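Trainee: Just the starting chains for now, same placement as in the complex:
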Amino acid sequence: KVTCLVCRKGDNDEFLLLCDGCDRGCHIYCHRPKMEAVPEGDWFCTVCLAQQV
């Protein structure tokens, strides 16, 4: 049931990156700055980045 934070759609799930800190997602093609591929390491969405210290 994951949708992209930017465009609010869940289509093209092969491009729909999942946050390692929560249930949120983002299409690599909606990401700014440019994200050409799904990263191998952990990715954190902006809501999770806001919880860091």
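Mentor: Yes, it's here. Numbering: from 1, shown residues only, chains lettered A, B, ... in the order given.
Trainee: which residues touch residue A:24?
Mentor: By Cβ atoms under 8 Å, 6 or more residues apart in numbering, residue A:24 lies in contact with A:2, A:5, A:18, A:45, A:47-48. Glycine gets a C-beta too; all of them are placed from N, C-alpha and C.
Trainee: among the residues you listed, which ones are buried?
Mentor: Among the contacts of residue A:24, those scoring as buried are A:5, A:45 (criterion: 16 or more other Cβ atoms under 10 Å).
Trainee: Go ahead and add chain B:
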Amino acid sequence: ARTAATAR
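Mentor: With chain B now in place:
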């Protein structure tokens, strides 16, 4: 990281 396709 992983995608919604690779998860399900």
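Trainee: Identify the residue nearest residue B:7 in space, chain neighbours excluded?
Mentor: Of all residues not flanking residue B:7 in the chain, residue A:18 sits nearest, at 6.3 Å (Cβ to Cβ, 6 or more residues apart in numbering or on different chains).
Trainee: go on, residue A:22?
Mentor: Nearest to residue A:22 is residue A:48, by Cβ to Cβ, 6+ apart, at 5.6 Å.
Trainee: Secondary structure element holding the one you found?
Mentor: Secondary-structure assignment from DSSP states H and E places residue A:48 in helix A:46-49.
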